[PDB]
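This report concerns only the one structure given below.
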Amino acid sequence: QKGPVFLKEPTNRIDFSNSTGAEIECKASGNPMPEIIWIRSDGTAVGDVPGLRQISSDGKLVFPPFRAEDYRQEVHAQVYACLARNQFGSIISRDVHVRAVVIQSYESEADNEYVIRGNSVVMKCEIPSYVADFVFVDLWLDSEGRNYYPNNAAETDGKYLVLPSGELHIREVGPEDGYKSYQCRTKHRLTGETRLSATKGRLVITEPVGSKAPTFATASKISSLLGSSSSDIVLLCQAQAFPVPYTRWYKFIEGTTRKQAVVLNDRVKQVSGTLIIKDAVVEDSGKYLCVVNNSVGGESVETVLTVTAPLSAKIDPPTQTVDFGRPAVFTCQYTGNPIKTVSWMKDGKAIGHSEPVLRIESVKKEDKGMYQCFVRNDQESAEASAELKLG
Amino acid sequence: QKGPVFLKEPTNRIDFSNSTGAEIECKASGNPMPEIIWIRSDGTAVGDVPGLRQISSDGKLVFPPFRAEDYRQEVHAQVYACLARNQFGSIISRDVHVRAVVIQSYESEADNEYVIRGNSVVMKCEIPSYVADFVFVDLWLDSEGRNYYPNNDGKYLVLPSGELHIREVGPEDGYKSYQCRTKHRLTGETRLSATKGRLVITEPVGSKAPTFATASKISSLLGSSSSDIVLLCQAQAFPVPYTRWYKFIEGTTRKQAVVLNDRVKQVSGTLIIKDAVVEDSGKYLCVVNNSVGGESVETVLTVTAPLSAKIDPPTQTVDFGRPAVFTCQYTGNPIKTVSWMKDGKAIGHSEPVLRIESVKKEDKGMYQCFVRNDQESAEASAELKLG
Ligand SMILES: *[C@@H]1O[C@H](CO)[C@@H](O[C@@H]2O[C@H](CO)[C@@H](O[C@@H]3O[C@H](CO[C@H]4O[C@H](CO)[C@@H](O)[C@H](O)[C@@H]4O)[C@@H](O)[C@H](O)[C@@H]3O)[C@H](O)[C@H]2NC(C)=O)[C@H](O)[C@H]1NC(C)=O
Ligand SMILES: *[C@@H]1O[C@H](CO)[C@@H](O[C@@H]2O[C@H](CO)[C@@H](O)[C@H](O)[C@H]2NC(C)=O)[C@H](O)[C@H]1NC(C)=O
Ligand SMILES: *[C@@H]1O[C@H](CO)[C@@H](O[C@@H]2O[C@H](CO)[C@@H](O)[C@H](O)[C@H]2NC(C)=O)[C@H](O)[C@H]1NC(C)=O
Ligand SMILES: *[C@@H]1O[C@H](CO)[C@@H](O)[C@H](O)[C@H]1NC(C)=O
Ligand SMILES: [Zn+2]
Ligand SMILES: [Zn+2]
Ligand SMILES: [Zn+2]
Ligand SMILES: [Zn+2]
Ligand SMILES: [Zn+2]
Ligand SMILES: [Zn+2]
């Protein structure tokens with residue numbers, strides 16, 4: 001009757017630990033019911049590797065736990081896929097990127113941050129490059145025993161705020177905050193075990209010796225950051241000075257030298273120089289300018305934001321019947337941000353086109369089969385299925 | 001008989017401590033002996049605040065040393081200027097910005113850096129942002145007593161920006177401890193790192209895709225023309241990756257790799273430029289790659305040549321209604337905005353070439369060309385006589 005249609009596909013990124021292991025599933029339907037075949041991204045089938053990779057009873061790729069010594073790259077750190085197939089044609093899933101990571105002991109360095117009294121500060125949990133993806137801050141803790149818990153910012157009103165980007169924001173530091181010391185404890189999203197910071201950060205408060213220029217923590221006059229759609233994103237202004245200055249956030253109008261001021265809502269909030277875009281959307285993207293002036297002068301810093309949305313695609317029509325000699329067109333409709341490549345596939349084999357509209361002019365008995373459009377950006381991809389028929 | 005021009009033009013930026021003190025001197029030229037007046041940037045004149053600001057004889061301005069408590073902003077941190085006058089009119093001295101520093105007893109933290117063996121790492125001893133305008137790192141030291149040095153053997157290297165670079169990080173390197181010595185440029189007072197940097201060497205096991213220190217895909221940087229400039233690439237991968245630095249073309253997606261030679265060198269992921277030119281200014285790209293993966297980061301760069309200029313002709317005479325023109329020959333990088341002023345009065349034109357084909361009776365006097373940018377400046381003048 002019909003061709004294979006993908007129901008449950010795995011996720012673009014599958015990460016796990018050598019102690020846990022993983023078993024991933026792929027589901028397709030149609031008449032006759034297709035059989036699920038596991039393959040690499042280049043379309044080559046994968047066999048067992050006893051102790052590492054084994055295909056189980058029903059259509060399920062398994063990665064049992066393993067010694068750190070038994071780690072094998074081509075098995076664990078790999079690009080995978082899922083192939084559903086029957087009489088009509090074949091289809092491939094979105095590329096499934098597996099990275100299995102052995103448990104590797106890590107430590108968090110809470111950095112002492114220099115400040116002038118009256119200025120607000122943000123102190124950071126320094127985390128190594130390699131665990132940064134798998135680890136984040138569970139909470140903040142001081143020497144006095146007060147836990148500062150991380151939160152979506154509904155209420156930005158308070159002395160202490162733990163913001164979603166993982167830092168601890170303190171409004172207008174003073175002597176009372178001077179002899180307090182702070183720990184950050186982090187959680188591994190695979191293991192789920194918590195670890196306190198080894199070194200404790202402390203606020204070092206200088207006094208308004210002079211009156212000076214605004215000074216950012218770095219010489220960088222431009223930055224960039226990325227955030228998801230539903231996430232609460234945090235831009236930063238780390239500017240420091242005396243006398244304590246005021247912050248103004250602006251957003252650039254695209255492709256021109258003309259700026260515009262950021263409108264604050266119960267959605268968009270400001271704390272010190274910290275801008276909070278909480279409950280974001282793609283249109284929040286653009287070039288931003290933080291501007292801090294004081295009595296002695298002023299300086300400014302650019303920031304490039306890009307909001308990403310989940311890639312999804314649907315082919316119109318899911319199926320169509322045509323007669324020999326008549327044109328048959330397929331149109332791939334997509335969402336998510338950003339987009340780089342849209343590409344077409346036939347029965348598992350590629351067709352060079354960058355266009356969302358696939359147009360065959362005169363059908364052939366050759367052209368009968370299954371069609372797919374592949375939408376992709378660096379960190380993500382998606383798969384929509386389609387069938388062709390003849391008369 | 002004739003009008004003024006600037007012979008002695010004090011430095012654009014002046015810094016000094018409370019213990020040292022400082023002084024400035026400004027002459028020009030011309031006839032009769034020009035009135036040398038010191039003015040704050042907006043043309044209001046400035047008098048004495050004795051003990052700090054007072055005008056010494058010769059019409060020169062001195063800043064005597066002072067205690068910390070007596071400090072007041074308007075005199076110390078401020079932008080001053082200078083002006084000369086005859087019947088020929090006035091001319092303004094360029095941007096002078098002045099600062100003074102009370103001793104904060106600066107502290108410097110040596111930051112622990114966590115690394116997978118085989119990967120080259122950069123160590124930064126972090127100086128606070130406010131004092132960083134002066135203090136720099138002269139030397140680095142470890143537990144063994146090893147003295148490193150600026151270097152403007154090929155393993156351990158300190159850069160012109162002051163950080164310490166290590167390549168092929170081994171187990172021999174990590175279980176040491178590191179600390180840096182910082183010297184202040186307005187005093188000469190040195191000091192040793194408060195804390196001691198520990199290098200944690202982690203055992204590579206599972207293969208890791210290249211990751212950077214921060215999520216930011218871009219950075220900006222700049223330096224003087226004659227300076228040796230560094231471009232950081234901080235990347236850690238297992239397998240240890242290979243860093244290839246490209247360079248873009250202005251406002252285009254076009255790309256080319258770069259020319260490794262005597263002036264433009266490379267160490268690990270670090271692209272180093274020796275004594276440079278404004279022609280090196282541009283937008284670069286750092287791509288890191290290994291078997292598992294790897295990604296890219298781009299770095300903006302600028303080079304700054306000194307601002308200077310003059311007007312052609314330096315002087316001329318004209319027939320009352322006959323054309324008179326002045327063009328500003330400019331150099332230095334970047335060049336933001338040229339500005340014209342009549343006897344210090346601000347009269348706008350954005351063109352390097354300004355002309356008057358119709359002369360009034362009152363246009364007799366001095367004229368200037370101000371070449372300006374964010375923090376920097378230069379000035380030169382010309383004058384038209386009516387005959
Ligand atoms: C996945 O790979 C991991 C290594 O990358 C494996 O974990 C390691 O396993 C070895 C021995 O199998 C442990 O060494 C033992 O340590 C215990 C004491 O406990 C340890 O406690 C923590 C670990 O969380 C830490 O403080 C120290 O490493 C302690 O050693 C001793 O009693 C033993 O005699 C032996 O020395 C490693 O400690 C451990 N590393 C970890 C957990 O980070 C893990 O077993 C692998 N999984 C599978 C399924 O093979
Ligand atoms: C705050 O400081 C910024 C610079 O850090 C000022 O922005 C511009 O600065 C350039 C060069 O310094 C000038 O050419 C522009 O004219 C400035 N902008 C404007 C709109 O004039 C900014 O003006 C300062 N704002 C305040 C209130 O001090
Ligand atoms: C070097 O790393 C890049 C980053 O993944 C590899 O991939 C290309 O990266 C460029 C950006 O510099 C993109 O424009 C291309 O689309 C990427 N192509 C692919 C196939 O990923 C690149 O292949 C690496 N170079 C090698 C392996 O020689
Ligand atoms: C400059 O200020 C510091 C601040 O403590 C002080 O110790 C020093 O004596 C001052 N210098 C003079 C010359 O008074
Ligand atoms: Zn992919
Ligand atoms: Zn630090
Ligand atoms: Zn799909
Ligand atoms: Zn200036
Ligand atoms: Zn650190
Ligand atoms: Zn001059």
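Ordering of the structure tokens sets the chain letters (A, B, ...), residue numbers begin anew at 1 in every chain, and ligands are numbered from 1 in the order given.
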
Write out as JSON, numbers by chain the residues lying within 7 Å of residue 5 in chain B, counting only C-alpha atoms and excluding same-chain residues fewer than 4 positions away. {"B": [28, 29, 381]}

Emit the selected residues as a short mmCIF file (atom, residue, chain, number, x, y, z; two decimals), in the first residue's frame, including N, CA, C and O atoms.
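Ended up saving to result28.cif:
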data_model
loop_
_atom_site.label_atom_id
_atom_site.label_comp_id
_atom_site.auth_asym_id
_atom_site.auth_seq_id
_atom_site.Cartn_x
_atom_site.Cartn_y
_atom_site.Cartn_z
N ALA B 28 54.22 78.15 20.46
CA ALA B 28 53.87 78.05 19.04
C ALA B 28 54.84 78.75 18.09
O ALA B 28 55.80 78.14 17.62
N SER B 29 54.62 80.05 17.87
CA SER B 29 55.34 80.82 16.85
C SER B 29 54.66 82.17 16.62
O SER B 29 53.63 82.46 17.23
N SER B 381 47.59 73.90 10.98
CA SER B 381 46.87 75.12 10.65
C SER B 381 47.39 75.81 9.40
O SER B 381 48.48 75.52 8.90
#

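Pocket residues of ligand 10, taken as those with any atom at most 9 Å away using only C-alpha atoms and all ligand atoms, are residues 5, 6, 7, 8, 9, 92, 93, 94, 308, 309, 310, 370, 377, 378, 379, 380 and 381 of chain B.
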
Pick out each residue of range 124-255 of chain A that DSSP on the backbone tags as strand (DSSP E); I need them as number ranges by chain. A: 125-126, 135-142, 147-148, 160-162, 168-170, 181-188, 194-196, 201-206, 222-228, 234-235, 246-252

At most 6 Å is the cut-off: for each residue in chain A with any atom that close to an atom of ligand 2, write down the nearest atom pair and the distance in Å rounded to one decimal, counting only C-alpha atoms and all ligand atoms, chain first then increasing number, as CSV.
residue,atom,partner,partner_atom_place_in_ligand_line,distance
A:293,CA,ligand 2,1 (C),4.8
A:298,CA,ligand 2,2 (O),3.9
A:299,CA,ligand 2,5 (O),3.5
A:300,CA,ligand 2,5 (O),5.4

Exercise answer, 7 Å around ligand 5 with only C-alpha atoms and all ligand atoms, as a list in words: residues 12, 95, 96, 97, 378, 379, 380 and 381 of chain A

Considering only C-alpha atoms, state which residue in the set B:343, B:126, B:250, B:298 is at the smallest distance from residue 112 in chain B.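 Ranking B:343, B:126, B:250, B:298 by distance to residue 112 in chain B, first place goes to B:126.
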
Exercise answer, 8 Å around ligand 6 with only C-alpha atoms and all ligand atoms, as a list in words: residues 111, 112 and 113 of chain A; 109, 110, 111, 125 and 126 of chain B

Range 334-341 of chain B surroundings by only C-alpha atoms, 12 Å radius, close-in-sequence under 6 positions cut, as a short mmCIF file (atom, residue, chain, number, x, y, z; two decimals) with N, CA, C and O atoms, in the first residue's frame:
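Output saved as result_16.cif:
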data_model
loop_
_atom_site.label_atom_id
_atom_site.label_comp_id
_atom_site.auth_asym_id
_atom_site.auth_seq_id
_atom_site.Cartn_x
_atom_site.Cartn_y
_atom_site.Cartn_z
N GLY B 89 44.54 85.77 14.86
CA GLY B 89 43.57 84.79 15.34
C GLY B 89 44.18 83.64 16.13
O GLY B 89 45.35 83.68 16.51
N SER B 90 43.36 82.61 16.36
CA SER B 90 43.66 81.58 17.34
C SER B 90 43.86 80.19 16.73
O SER B 90 43.39 79.90 15.64
N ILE B 91 44.58 79.34 17.47
CA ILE B 91 44.78 77.94 17.08
C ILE B 91 44.78 77.04 18.32
O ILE B 91 45.42 77.35 19.32
N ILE B 92 44.09 75.91 18.22
CA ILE B 92 43.87 75.03 19.37
C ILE B 92 44.82 73.83 19.35
O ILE B 92 45.05 73.22 18.31
N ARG B 94 45.90 69.94 20.29
CA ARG B 94 45.12 68.73 20.14
C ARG B 94 44.78 68.10 21.48
O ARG B 94 45.05 68.67 22.53
N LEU B 222 43.71 45.00 18.61
CA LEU B 222 44.44 46.03 17.88
C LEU B 222 45.78 46.35 18.54
O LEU B 222 46.00 46.02 19.70
N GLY B 223 46.66 46.99 17.78
CA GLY B 223 47.95 47.41 18.29
C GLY B 223 48.57 48.48 17.42
O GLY B 223 48.02 48.85 16.38
N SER B 224 49.72 48.99 17.84
CA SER B 224 50.45 49.98 17.06
C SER B 224 51.13 49.32 15.87
O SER B 224 51.31 48.10 15.85
N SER B 225 51.48 50.12 14.87
CA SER B 225 52.11 49.61 13.65
C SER B 225 53.39 48.84 13.95
O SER B 225 53.58 47.73 13.45
N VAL B 278 50.06 48.77 8.68
CA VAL B 278 48.62 48.97 8.62
C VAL B 278 48.00 48.04 7.58
O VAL B 278 46.81 47.75 7.62
N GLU B 279 48.83 47.56 6.66
CA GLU B 279 48.38 46.67 5.60
C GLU B 279 48.03 45.28 6.15
O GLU B 279 47.38 44.48 5.46
N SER B 281 46.20 45.02 8.81
CA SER B 281 44.88 45.21 9.39
C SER B 281 43.83 44.44 8.60
O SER B 281 43.83 44.47 7.37
N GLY B 282 42.96 43.74 9.31
CA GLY B 282 41.91 42.98 8.65
C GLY B 282 41.18 42.01 9.55
O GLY B 282 41.21 42.12 10.77
N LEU B 301 41.17 42.27 13.64
CA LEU B 301 42.41 42.94 14.00
C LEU B 301 42.51 44.32 13.36
O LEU B 301 42.02 44.54 12.25
N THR B 302 43.16 45.23 14.07
CA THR B 302 43.40 46.58 13.58
C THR B 302 44.82 47.00 13.92
O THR B 302 45.38 46.57 14.93
N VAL B 303 45.41 47.83 13.07
CA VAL B 303 46.73 48.39 13.31
C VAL B 303 46.62 49.90 13.33
O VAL B 303 45.89 50.49 12.53
N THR B 304 47.35 50.53 14.26
CA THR B 304 47.23 51.97 14.46
C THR B 304 48.54 52.70 14.19
O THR B 304 49.52 52.55 14.92
N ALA B 305 48.54 53.49 13.12
CA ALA B 305 49.64 54.39 12.82
C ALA B 305 49.37 55.75 13.48
O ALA B 305 48.22 56.10 13.71
N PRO B 306 50.43 56.51 13.78
CA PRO B 306 50.26 57.80 14.47
C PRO B 306 49.51 58.83 13.64
O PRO B 306 49.75 58.95 12.44
N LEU B 307 48.61 59.57 14.28
CA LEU B 307 47.87 60.64 13.62
C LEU B 307 48.73 61.88 13.45
O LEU B 307 49.28 62.40 14.42
N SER B 308 48.84 62.35 12.22
CA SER B 308 49.51 63.62 11.94
C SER B 308 49.01 64.15 10.60
O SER B 308 48.43 63.41 9.81
N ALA B 309 49.24 65.44 10.35
CA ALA B 309 48.71 66.09 9.16
C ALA B 309 49.20 67.52 9.03
O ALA B 309 49.76 68.09 9.97
N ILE B 311 48.34 71.34 6.37
CA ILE B 311 47.48 72.00 5.39
C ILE B 311 48.30 72.62 4.27
O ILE B 311 49.33 73.25 4.51
N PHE B 326 42.05 74.98 1.07
CA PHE B 326 42.92 74.25 1.98
C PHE B 326 42.55 72.77 2.00
O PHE B 326 41.40 72.41 2.25
N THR B 327 43.54 71.93 1.72
CA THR B 327 43.36 70.48 1.76
C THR B 327 44.17 69.88 2.90
O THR B 327 45.32 70.25 3.12
N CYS B 328 43.55 68.97 3.64
CA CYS B 328 44.19 68.33 4.78
C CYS B 328 44.81 67.00 4.36
O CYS B 328 44.09 66.05 4.04
N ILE B 347 33.12 75.16 13.14
CA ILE B 347 32.33 75.29 11.92
C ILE B 347 32.53 74.02 11.10
O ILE B 347 33.63 73.69 10.66
N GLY B 348 31.45 73.26 10.96
CA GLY B 348 31.54 71.92 10.41
C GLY B 348 31.77 71.80 8.92
O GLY B 348 31.09 72.44 8.12
N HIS B 349 32.76 70.99 8.55
CA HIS B 349 32.78 70.36 7.24
C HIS B 349 33.52 69.03 7.37
O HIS B 349 34.52 68.93 8.08
N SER B 350 33.01 68.02 6.68
CA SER B 350 33.54 66.66 6.79
C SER B 350 34.52 66.34 5.67
O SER B 350 35.10 65.25 5.63
N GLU B 351 34.72 67.29 4.76
CA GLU B 351 35.55 67.06 3.58
C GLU B 351 37.02 67.38 3.88
O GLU B 351 37.31 68.37 4.56
N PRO B 352 37.95 66.55 3.39
CA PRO B 352 39.37 66.87 3.57
C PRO B 352 39.78 68.13 2.82
O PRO B 352 40.73 68.80 3.21
N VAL B 353 39.03 68.45 1.77
CA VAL B 353 39.29 69.63 0.95
C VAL B 353 38.15 70.63 1.11
O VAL B 353 37.03 70.38 0.66
N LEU B 354 38.44 71.77 1.74
CA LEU B 354 37.45 72.83 1.92
C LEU B 354 37.92 74.09 1.20
O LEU B 354 39.09 74.47 1.28
N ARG B 355 36.98 74.73 0.51
CA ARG B 355 37.27 75.87 -0.35
C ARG B 355 36.33 77.03 -0.08
O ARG B 355 35.18 76.83 0.30
N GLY B 365 41.88 85.77 9.28
CA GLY B 365 42.29 85.13 10.51
C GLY B 365 42.84 83.73 10.32
O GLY B 365 43.09 83.30 9.20
N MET B 366 43.02 83.02 11.43
CA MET B 366 43.56 81.67 11.41
C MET B 366 42.51 80.63 11.00
O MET B 366 41.31 80.86 11.15
N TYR B 367 42.99 79.51 10.48
CA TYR B 367 42.14 78.37 10.14
C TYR B 367 42.86 77.08 10.49
O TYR B 367 44.09 77.01 10.41
N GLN B 368 42.10 76.06 10.88
CA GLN B 368 42.68 74.79 11.34
C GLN B 368 42.04 73.57 10.70
O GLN B 368 40.94 73.64 10.15
N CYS B 369 42.73 72.44 10.81
CA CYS B 369 42.20 71.14 10.42
C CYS B 369 42.46 70.14 11.54
O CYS B 369 43.61 69.84 11.86
N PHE B 370 41.38 69.63 12.13
CA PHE B 370 41.47 68.68 13.23
C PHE B 370 41.16 67.26 12.76
O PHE B 370 40.02 66.94 12.44
N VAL B 371 42.19 66.42 12.72
CA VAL B 371 42.02 65.01 12.41
C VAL B 371 41.88 64.24 13.71
O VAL B 371 42.81 64.21 14.53
N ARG B 372 40.72 63.63 13.90
CA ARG B 372 40.34 63.04 15.18
C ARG B 372 39.91 61.58 15.03
O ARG B 372 39.51 61.15 13.96
N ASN B 373 40.02 60.84 16.13
CA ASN B 373 39.36 59.55 16.27
C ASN B 373 39.10 59.32 17.75
O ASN B 373 39.26 60.24 18.55
N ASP B 374 38.70 58.10 18.12
CA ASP B 374 38.15 57.84 19.46
C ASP B 374 39.04 58.38 20.58
O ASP B 374 38.69 59.38 21.21
N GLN B 375 40.17 57.73 20.84
CA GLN B 375 41.22 58.36 21.63
C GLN B 375 42.48 58.51 20.80
O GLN B 375 43.24 57.55 20.63
N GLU B 376 42.69 59.72 20.30
CA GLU B 376 43.88 60.12 19.57
C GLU B 376 43.56 61.49 18.98
O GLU B 376 42.40 61.91 19.02
N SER B 377 44.55 62.16 18.41
CA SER B 377 44.30 63.43 17.72
C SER B 377 45.55 63.98 17.06
O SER B 377 46.67 63.55 17.35
N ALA B 378 45.34 64.93 16.16
CA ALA B 378 46.43 65.68 15.56
C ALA B 378 45.88 67.02 15.06
O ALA B 378 44.68 67.15 14.82
N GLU B 379 46.76 68.00 14.91
CA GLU B 379 46.35 69.33 14.49
C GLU B 379 47.42 70.02 13.66
O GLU B 379 48.62 69.87 13.91
N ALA B 380 46.96 70.78 12.68
CA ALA B 380 47.81 71.66 11.89
C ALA B 380 46.95 72.82 11.42
O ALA B 380 45.73 72.74 11.46
N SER B 381 47.59 73.90 10.98
CA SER B 381 46.87 75.12 10.65
C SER B 381 47.39 75.81 9.40
O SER B 381 48.48 75.52 8.90
N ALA B 382 46.57 76.73 8.90
CA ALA B 382 46.94 77.60 7.80
C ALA B 382 46.13 78.88 7.94
O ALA B 382 45.14 78.92 8.67
N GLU B 383 46.56 79.94 7.25
CA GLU B 383 45.91 81.23 7.37
C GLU B 383 45.85 81.97 6.05
O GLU B 383 46.76 81.87 5.22
#

From a backbone DSSP assignment, name each residue in range 155-341 of chain A labelled helix (DSSP H, G or I), as a list in words. residues 175, 176, 177, 282, 283 and 284 of chain A

Surrounding residues as an MDAnalysis selection string, ligand 3, max 12 Å, only C-alpha atoms and all ligand atoms: (chainID A and resid 340:341 376:379) or (chainID B and resid 209:211 217 241:248 253:257 284:298)

Write a file of the selected residues as a compact mmCIF listing (two decimals), in the first residue's frame, keeping N, CA, C and O atoms.
# COMPACT_ATOMS: atom_id res chain seq x y z
N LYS A 340 21.33 26.29 6.42
CA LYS A 340 22.47 26.37 5.53
C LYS A 340 22.19 25.57 4.26
O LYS A 340 22.15 26.13 3.17
N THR A 341 22.00 24.27 4.42
CA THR A 341 21.76 23.39 3.28
C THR A 341 20.42 22.66 3.36
O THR A 341 20.11 22.00 4.35
N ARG A 376 19.66 21.14 7.06
CA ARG A 376 20.81 21.04 7.94
C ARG A 376 21.41 22.38 8.31
O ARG A 376 21.42 23.33 7.52
N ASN A 377 21.91 22.44 9.54
CA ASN A 377 22.82 23.48 9.97
C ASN A 377 23.89 22.79 10.81
O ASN A 377 23.74 21.62 11.14
N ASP A 378 24.95 23.51 11.15
CA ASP A 378 26.14 22.89 11.75
C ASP A 378 25.84 21.93 12.90
O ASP A 378 26.41 20.84 12.97
N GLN A 379 24.93 22.32 13.79
CA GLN A 379 24.67 21.54 15.00
C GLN A 379 23.45 20.62 14.90
O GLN A 379 23.14 19.91 15.86
N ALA B 209 36.29 16.11 20.57
CA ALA B 209 36.28 17.09 19.49
C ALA B 209 36.88 18.40 20.01
O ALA B 209 36.80 18.68 21.20
N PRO B 210 37.50 19.19 19.12
CA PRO B 210 38.13 20.45 19.54
C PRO B 210 37.15 21.42 20.18
O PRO B 210 36.07 21.69 19.64
N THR B 211 37.53 21.94 21.34
CA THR B 211 36.73 22.91 22.08
C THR B 211 37.59 24.10 22.47
O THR B 211 38.78 23.95 22.74
N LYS B 217 32.43 33.07 19.17
CA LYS B 217 33.03 32.74 17.88
C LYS B 217 33.81 33.92 17.30
O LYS B 217 34.31 33.84 16.18
N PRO B 241 44.80 18.71 17.74
CA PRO B 241 44.41 19.16 16.40
C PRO B 241 45.52 19.91 15.69
O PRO B 241 46.64 19.98 16.20
N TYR B 242 45.22 20.46 14.52
CA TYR B 242 46.15 21.32 13.80
C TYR B 242 45.44 22.63 13.48
O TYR B 242 44.31 22.64 12.99
N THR B 243 46.12 23.73 13.79
CA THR B 243 45.55 25.06 13.64
C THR B 243 46.05 25.71 12.36
O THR B 243 47.25 25.85 12.16
N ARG B 244 45.11 26.11 11.50
CA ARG B 244 45.45 26.78 10.26
C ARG B 244 44.75 28.14 10.19
O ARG B 244 43.52 28.22 10.14
N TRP B 245 45.55 29.20 10.20
CA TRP B 245 45.04 30.57 10.21
C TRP B 245 44.86 31.12 8.80
O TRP B 245 45.81 31.16 8.02
N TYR B 246 43.64 31.54 8.50
CA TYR B 246 43.34 32.18 7.22
C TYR B 246 43.14 33.68 7.40
O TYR B 246 43.27 34.20 8.51
N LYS B 247 42.84 34.36 6.30
CA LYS B 247 42.48 35.77 6.35
C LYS B 247 41.42 36.06 5.30
O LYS B 247 41.48 35.56 4.18
N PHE B 248 40.44 36.88 5.68
CA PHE B 248 39.35 37.23 4.78
C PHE B 248 39.74 38.38 3.86
O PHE B 248 40.84 38.92 3.95
N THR B 253 33.01 36.89 1.52
CA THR B 253 33.13 35.54 2.06
C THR B 253 34.38 34.85 1.53
O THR B 253 34.66 33.70 1.87
N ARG B 254 35.13 35.56 0.69
CA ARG B 254 36.35 35.01 0.10
C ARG B 254 37.40 34.81 1.18
O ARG B 254 37.40 35.51 2.19
N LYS B 255 38.30 33.86 0.96
CA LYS B 255 39.25 33.46 1.99
C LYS B 255 40.57 32.98 1.40
O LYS B 255 40.60 32.39 0.32
N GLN B 256 41.66 33.24 2.12
CA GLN B 256 42.98 32.74 1.75
C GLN B 256 43.80 32.41 2.99
O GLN B 256 43.70 33.10 4.01
N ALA B 257 44.62 31.36 2.90
CA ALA B 257 45.51 31.01 4.00
C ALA B 257 46.64 32.03 4.03
O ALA B 257 46.71 32.89 3.15
N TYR B 284 40.70 38.01 10.34
CA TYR B 284 41.31 36.70 10.19
C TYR B 284 40.36 35.59 10.63
O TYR B 284 39.26 35.85 11.10
N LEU B 285 40.81 34.35 10.46
CA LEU B 285 40.03 33.18 10.84
C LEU B 285 40.93 32.07 11.37
O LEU B 285 41.98 31.79 10.79
N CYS B 286 40.51 31.45 12.46
CA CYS B 286 41.25 30.35 13.06
C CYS B 286 40.43 29.07 13.02
O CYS B 286 39.41 28.95 13.70
N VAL B 287 40.88 28.12 12.21
CA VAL B 287 40.20 26.83 12.09
C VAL B 287 41.03 25.75 12.76
O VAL B 287 42.22 25.60 12.47
N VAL B 288 40.40 25.02 13.66
CA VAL B 288 41.04 23.91 14.36
C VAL B 288 40.37 22.62 13.91
O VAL B 288 39.16 22.57 13.72
N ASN B 289 41.18 21.58 13.72
CA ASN B 289 40.70 20.34 13.14
C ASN B 289 41.39 19.09 13.66
O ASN B 289 42.60 19.10 13.91
N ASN B 290 40.61 18.03 13.82
CA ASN B 290 41.14 16.72 14.16
C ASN B 290 40.28 15.64 13.50
O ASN B 290 39.44 15.95 12.65
N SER B 291 40.49 14.39 13.89
CA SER B 291 39.79 13.27 13.27
C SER B 291 38.30 13.28 13.61
O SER B 291 37.45 13.11 12.73
N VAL B 292 38.00 13.50 14.88
CA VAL B 292 36.63 13.39 15.39
C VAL B 292 35.73 14.53 14.90
O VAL B 292 34.51 14.36 14.82
N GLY B 293 36.33 15.66 14.54
CA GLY B 293 35.58 16.90 14.50
C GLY B 293 36.45 18.12 14.31
O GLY B 293 37.49 18.08 13.64
N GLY B 294 36.01 19.22 14.91
CA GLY B 294 36.70 20.49 14.86
C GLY B 294 35.93 21.57 14.14
O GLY B 294 35.09 21.32 13.28
N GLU B 295 36.24 22.80 14.53
CA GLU B 295 35.42 23.96 14.24
C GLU B 295 36.31 25.18 14.06
O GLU B 295 37.53 25.05 13.96
N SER B 296 35.70 26.36 14.02
CA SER B 296 36.43 27.58 13.69
C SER B 296 36.06 28.76 14.57
O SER B 296 34.99 28.80 15.18
N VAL B 297 36.98 29.72 14.64
CA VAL B 297 36.76 30.99 15.33
C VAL B 297 37.48 32.08 14.55
O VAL B 297 38.60 31.87 14.09
N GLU B 298 36.85 33.24 14.42
CA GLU B 298 37.45 34.35 13.68
C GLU B 298 37.85 35.48 14.62
O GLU B 298 37.26 35.65 15.68

Contacts of residue 183 in chain B at 8 Å or less, counting only C-alpha atoms, minus same-chain residues fewer than 3 places along, as a ChimeraX atom specification? /B:135-138,188-191
